[PDB]
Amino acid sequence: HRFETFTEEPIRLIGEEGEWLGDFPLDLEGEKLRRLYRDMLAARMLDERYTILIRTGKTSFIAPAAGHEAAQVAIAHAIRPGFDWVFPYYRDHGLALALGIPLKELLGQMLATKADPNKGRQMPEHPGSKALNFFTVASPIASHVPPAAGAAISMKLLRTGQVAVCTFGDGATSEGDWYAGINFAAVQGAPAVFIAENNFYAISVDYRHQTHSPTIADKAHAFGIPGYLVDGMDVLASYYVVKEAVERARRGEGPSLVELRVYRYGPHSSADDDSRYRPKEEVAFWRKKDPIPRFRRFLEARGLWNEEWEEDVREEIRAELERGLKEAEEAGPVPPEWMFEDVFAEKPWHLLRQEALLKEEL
């Protein structure tokens, strides 16, 4: 099976009544289907926990991912966590969670405690994990695209059989490095899948003022690779299209550009205010497209969901969140001296001198 490329209408698999729209049979086992739902709830609840962390001064910054759950959870399940690599951006904490990164580590990074394997080096929303090949988030928009291409080329040359998935927002597609990186990956037929989590906004700049191409998928023409327009609020459509791109990359057929249309329910960030440049009618309209209730209906229509399970799953998640936050906090503050560690493998003379100077003040 092969999805159609550059479709005018975004690819969908879940009908509004829960019907299967695929031109191929649904092959996911019931257990995996329910896990997709489970992880979307967990991602949503993590996001809501973040709102509380901001409100209580536990963290200084958050980038609301509510509305991106189907896209992020689908991507996490379309690859093999711990084997394949992920080059995410700051809004991907739902993806990070679904990938298996311990809440202790995600929250530790949000709180800058020693629970953060990244040692509180960066501001919140910059998680990273060596264990799960989750390339530490970097702030500059699209700066992680060329590295994603390079890692994929390495995978190809070393014959590891791995794939590198690279996620970014719509605004990122306007950066020169975004184009430059994908172009190289395409020429080398590297096993990389570039995925856009298109929420139609780059802070306050809307899609129309971002680029003139009708879709992001159309940009694939510039690289000679397949481009896909997908309903990012449809977890099955997102999963299967990305999975197909991953399989294509894994068999050596080169990269793909997958556009997952989603919506950012919250503001751009805790430092922003969405209810200032977006029409309430637009937000409300997309709120009715929440990926969670949509997939719930799909499961419910097949006897794969009920209220009791729903409640059980939610209580288990809130418990995991409470435990994760507790562990992150109990880890303790990061030492001042750590400011001089990891610039290089070993500290050179000037850093040793600078560290001694700071110690005078401590």
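Quick note: we count residues from 1 along the sequence shown, nothing fancier.
Compared against other deposited entries of this protein, residue 251 counts as consistently modelled, with coordinates in all of those that resolve the residues around it and thus below the third mark. Per the compared records, residue 136 is resolved in all of the other entries whose models span it, so no third of them omit it. Here 282-290 and 229-237 are compared by their mean Cα B-factor, and 282-290 comes out higher.
The PDB entry records a higher mean C-alpha B factor for 353-361 than for its counterpart among 1-9 and 353-361.
Which of 256, 210, 183, 270 has the largest Cα B-factor in the deposited entry comes down to 270. Out of 40, 301, 62, 66, the entry records its largest CA B-factor for 301. Split the chain's modelled residues into thirds by C-alpha temperature factor. Residue 170 is in the lowest one. Residue 178: CA B factor lies in the lowest third for its chain, per the PDB record.
Compared with the other modelled residues of the chain, the Cα B-factor recorded for residue 200 ranks in the middle third. Among all modelled residues in this chain, the alpha-carbon of residue 276 has a temperature factor (C-alpha) in the highest third. Among the modelled residues of its chain, residue 261 has a C-alpha B-factor that falls in the middle third, as given in the PDB entry.
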